[PDB]
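Written out below as C-alpha cells is the structure these notes cover.
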C-alpha cells in the first residue's frame, strides 16, 4: 500500500491531533462543487458532527435519504514543531468514496467506506498556521464497488441497496491529523508458535528507510521479555502468558528504527500470543477446541447511525459478556479499529468481514475493488489477537464456475496478505445448496446463514422447518467434508413487547421457540462448532413493507436491552 | 330457497329461544366422528363459547391452527307449547361448512361460512323434552367455495389452512344460534322497493308465504301509528308526507305482514325498514335524489379473543368511533356480517356496501400459496350471492352489492364468469340497487374486461405502500395520477369509489422524518391520497383500509395481523384517525 494502516500513536517521534467535532457540511445535488471552488471552502454549509452518520440528524426526508455528492470541511491549527515531518490526514473511514483536499489541493481519493483513508499533506501543510481540509464524498451504490447496489433517479437520487442495512454514510469515524518521522515504521506482522510453556513471536517489519530495526516485547507490566534485531526475526518468550478466550493477556511490541546511538522512530502496539487453526471439524485456539458463541453485529445506534462511540462499545461488550458469548462477526464490513482493540482486551474472538454483500462485465472491476478492500482489511487488522478468521463474502452467488474463479482470486489475495494465514471463510446463503455450491472448498471452515423457521416454514410450519433443516444438514454430513460448520445467521424478527400464547411469528415467545428448535438441530451434528445469532441488536434498514423500523431480529433492542430470548442464549452459553 | 332468511322474532305466532352459551366441542383430526356416532353426542368434549371463533381461546398452536373436521354439541329444553309448530334451528352462520344433526338425525348441510343456516327439525323435535343438537363443521379452504384457499397436509397428516386472502381463517359457530317455532303457514320472504313522489312515497312490495291464505300488509311510523295498509301478496303502500331515511339521519317505519283466514290471523311478521332510494346517475351516487360522497372504511368482524364472534358491544363501540370520524359508510369486507350490524346501521343512518365472500380469486397469490373447479366455484359464488341478497335486501342501509374483491378480471373468461354473478344478483334484488366489486391494481384500465358490469367502480390501491412507498412517495403520487388520468380519459361517466388504501402502522412508532410503519407516515400517505382523490370529479367515495387492526395468517409480512387500521384492534385511534375526522367533518 502507498501508506500505513498503523493506528496512530503519540510519542517522541509521532504526533497526533484530533479533528473530531463540528465540521462544515453541504449537500451537492447538482454536482457542481468541484466546478465551483468548493475544495477551497463550502459556500453555504451547515454544521455536522464528526464522527457520525449524517442521515438521522435531519427532520426532512430528502436530507435523511440524500444520495449523491456531499461535502465536509474543517480547519485546524498545525503546531509549528510538526515542520518537516511527514504529515498525514487519517480518516477512520470515508463512506463510501471520496476525494480529500487540503489547503485547496487534491491529495488523494479512496473507494470503500469502512477502512482508513490516508492522505499525505506533507507538501501542502502549513506548520504554525491554520490549515483547511475539504472532503468530497459520494454515497451511491453500484455493482463495481462494495457494498453493492443501485442508484435510482427520481433528478433526485435514491440509494437502492442489494443489502438489508440502511445506507448510512459520511464521516462515521474519528479523523486525525498526524506527523511521522521521515523514516518510519510503515507496517509489521506477527505470527505465533507455541512451544510447551514458551512461545515464539515471528515478525516482519516494513519501514520507509534502510536504517536498522530493533524489536522488543514487553509484558503487561512493561517488563522486557524479549529483544531482537532486524526487520525479520523471532522473539523468544519464556513461560509465555497466552491470550485466551474471554481471558486476555496482552504484550506490547516495541519497534525501533535506529541511527547509530539514537532512535529515529518508535511504534508500539498491544498484541496477544495465541494460535488459531482448523483441525478436522474442530476450531482450535491455543491447541484446544473452542465452540463459537455470539452474534453478528452492526455499527448501529440511535441518531449516530454508524458513528463510532466508545460508549456503544462498552455497553455492547457488557451485554455480550452477560450472555456468555465469546465471539462476534463484523457483519457486514470492517468496524472501527477501536472495536478490535477492545475485543483484544476482553478476550473476544472476531470474524473480520469485508463488505462483500449484495452480490455483466462490471465483475472484473468489482473483483479489483473486493481485493483492494480485502488487502486493506487484512493489513489493518492482522495483528489483533481477537481476529481469528476472515469472512470474504456474505451471501454471494457460488454455484457457477464463474463465481468460483472470482473467489479463487479473492482468497488467493487474502492468503498473500495475511502473515498468519489464519482461517478464511464466507457466509453462504441457502441458495448455495450442497449439491451446487462450487466455493465451499475454498474455505477453511464453512459459515451458513439459515432461516429455517423464519423465511422457510415459519410459524405453524415450524415442525416442517426442523425437518427441512435436518435434511440439509444430513446432506452436508454425507459429503464428509471434515471441516467445521458455523451458523453465522439465524433469527426471527421480534417486536419487543409483542406477547402471544400460543406464540406467533414476531412475538418474543416465538423467538425463544425458534432458537430452541435451531439449537436441537445444531447439537445433532458433531461438525457444527459455532453459532453466531442474527442479530446482536435491532438495527436500521432501508424502509419498506418488510421492515418495521429496521430489522428486529435483535436479541437486544436498539438501545441495548434484552428481549426474552436473550436469557435463552445466556443460559445455553453458560 | 328452501327456508326463510327472515330474522327471528317473538310474538303470538312465532317463538324463539337462544342456544347461545357454553357448548360442547371436540376436534376430529382422524375424521372418525360420523362412523363413531358423534352425532349422538361427543365422546370427550371440551367447553366452547357460542358465539365465538374457537381459535384464540387455546394456549397451544395445534388447537389454534386446527384445520379439518370439528364438532359442536348442545342440549336444549323445548317448551311443550311449541308442538304443532314448525320448529327450526337457526345458526347465524356455520364457518365454513357443516352438517346439522338433531336428536341423532341428519337435518341439513350448508356450504358458506358467513350466512344463516336453517335446519327444519319439525319431524324430530321433542316438545316438552330435552333435545340435542350436534354440528359437524369443516374449516378447510378450497377453490370451489368462498372464500378461496388451499389446505396443506403436513407430513404427519396434520392439516393447515392456506388462505388466498389476508384475514385469519377464523371458524366455528361465530354467530348466535336460536331454536325457533313458526306457524304452519308463515311469511317466508318479502321484498320492498321505494319510489319518491314529491312529499309522498310508494313502498312497492312482494310477500312469499308457505300457504295460500290472504295477506295484509300494514306500515306503521316510528311511533307505531298506521300510515298505510293494503291487501295481497303483491302491492303498493302509499305513504303521505313520508319521512325518508337519510344518511346519518335515519327514520324507520315498521312493516307488518299478516296472514289471515278471515276468522283470524295465522302469522304476523314485523321488521323496521327505511324509505330511501339509491341510484347512480352519471358520476354521482344519489341517495333520495341527492348526491352523497361515501366516507368510511372497510371493516372486519374481528376483536380480541372472540375472533369474529358477534357481540353487540363491538357494534356499539365501532359505531361510536365511526360517528366520531364523521364517517357515513362501510363495506362489509370481505363477507356478509352478522345481521345485527345491518340492523344497527339502519338505526344510525349508515350506508353499507354488502360484500359476498368472493375473495382470494387472484392467480398470483394462488400460485404463490382451473378448468374443472371454476364451474363449481361459480355455483358456490352465485349461491352465496343469492343468500346474501335475500337476507339483506330490506335494510335501508344496504345501498350496493359488492360481488368480488380482487379477482382476475382481464380475460374474456372472467367476463363470462362475472356476467353470470351479476345476472344472478340482479334477479334476486327486488330493488335492483347498484352492483360493484373491488378491483386490484392488476386490473389495468387497458386490460380489465369486467368493470363495464359495474354500476360504479371500486378500486383498491396502495400507491405509497406496496407501490413506491416511503422515499419514493412522490413517485407513488405520479404513478397514481397516471393511472387515474388513464381512467379519466376513458370518460366512463360512472362514479369511482376507493375501497382500499392505507399503510401498516404500528401504534407508538413515531419518526421524524416519517418512515413506512410510523404513525406520521400513515398521515402523510393519507394526505397524498386525498390530493389525488380530489383531483378527479368522478371520485365519489373513499373507504379506507382498514377501520381497525385485525388478525391475519402469521408470516414475515404480518406483525401480529394487519396494522393498516386507523384504530387499534381494541378500538383506539392512531394519529391518522383525526385526519379522517377533520376531512370528513
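We place every Cβ from the backbone using ideal geometry, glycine too, and count neighbours over all the protein chains shown. None of the figures in this text is laboratory data; all of them are computed from the coordinates on show.
Sorted from largest to smallest, which semi-axis lengths in Å does the alpha carbon gyration tensor of the range B:15-182 give for its equivalent ellipsoid, taking the root of 5 times each eigenvalue? Show your work: numbers first, answer last.
Working: eigenvalues 166, 52, 38 Å².
They are 29, 16, 14 Å, listed from largest to smallest.
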Here the whole-number average of other chain Cβ atoms within 10 Å per Cβ of B:385-394 is 0
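What percentage of all Cα-Cα pairs in the range A:489-574 are separated by more than 18 Å? Working shown, then result.
Details: 1526 of 3655 pairs.
The share of Cα pairs beyond 18 Å in the range A:489-574 comes to 42 percent.
Return the FRET efficiency for the residue pair residue A:279, residue A:160: r is the Cβ-Cβ distance, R0 is 45 Å, and the value is rounded to the nearest 0.05. Please list the in-between numbers first.
Working: r = 44 Å, r/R0 = 0.97.
E between residue A:279 and residue A:160, to the nearest 0.05, is 0.55.
From Cα pairs below 8 angstrom and at least 6 apart in sequence, can you work out the relative contact order of the range B:187-278, rounded to a whole percent? Kindly include the intermediate steps, with their values, before the conclusion.
On the way: 210 pairs, mean separation 26.2, N = 92.
With pairs under 8 Å counted, the relative contact order is 28 percent.
Considering only DSSP beta bridges where both residues belong to chain B, give the percentage that are antiparallel (nearest 5). Walk me through the numbers before you get to the answer.
Values: 96 of 126 bridges.
Among the beta bridges of chain B, antiparallel pairing accounts for roughly 75 percent.
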The answer for the per residue Cα convex hull volume of the protein assembly as shown, in Å³, is 184 Å³
Eigenvalues of the alpha-carbon gyration tensor of the range A:276-573, times 5 and square-rooted, give semi-axes in Å, largest first, of 28, 23, 19
P(r) over all Cα-Cα pairs of the range A:185-271, 10 Å bins from 0 to the longest distance, whole percent per bin, short to long, reads 17, 51, 25, 6, 0
Percent antiparallel among DSSP beta bridges confined to the protein assembly as shown, nearest 5, equals 75 percent
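Over the range B:15-182, what is the relative contact order in percent, taking alpha-carbon pairs closer than 8 angstrom and at least six residues apart?
It comes to 31 percent, rounded to a whole number.
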Semi-axes (Å, rounded, descending) of the ellipsoid equivalent to the range B:334-436 per its C-alpha gyration tensor are 27, 15, 11
Whole-percent tail of the Cα-Cα distance distribution for the range A:237-309, cut at 14 Å, equals 76 percent
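Based only on other Cβ atoms within 10 Å, what is the fewest-to-most ordering of A:476, B:545, A:573?
Values: A:476 18, B:545 24, A:573 14.
Ascending Cβ contact count within 10 Å gives the list A:573, A:476, B:545.
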Cα-based Rg and Dmax for the range A:424-555, in Å, come out at 15.3, 45
A correct fewest-to-most ranking of A:519, B:422 by other Cβ atoms within 10 Å would be A:519, B:422
Across B:469-476, the residue-averaged tally of Cβ atoms belonging to other chains within 10 Å stands at 5
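Which shape class applies to chain A: rounded if a/c is under 1.5, otherwise prolate when a/b exceeds b/c and oblate if not, where a ≥ b ≥ c are the square roots of the Cα gyration tensor eigenvalues? Intermediate values should be presented prior to the final figure.
On the way: a/c = 1.81, a/b = 1.20, b/c = 1.52.
The shape class here is oblate.
Using a Förster distance of 41 angstrom, determine the FRET efficiency expected from the C-beta separation of residue A:246 and residue B:474, and round it to 0.05.
Details: r = 51 Å, r/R0 = 1.25.
Result of the calculation: an efficiency of 0.20.
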Bridge orientation stat for the range A:276-573 from DSSP, antiparallel percent rounded to 5, came to 25 percent
Least to most buried among A:322, B:82, by other C-beta atoms within 10 Å and fewest first, runs A:322, B:82
Share (percent) of C-alpha pair distances in the range A:133-233 greater than 17 Å works out to 72 percent
Asserting the computed 222 nm helical MRE of chain A (DSSP H runs at least 4 long, -39500 (n - 2.57) per run, divided by residue count, to nearest 500) equals -6000 deg cm²/dmol
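Inside 10 Å of the C-beta atoms of A:58-65, what's the mean count of C-beta atoms belonging to other chains?
Values: counts 2, 2, 2, 10, 3, 1, 5, 4.
If you average over the peptide's residues, the count of other-chain Cβ atoms is 4.
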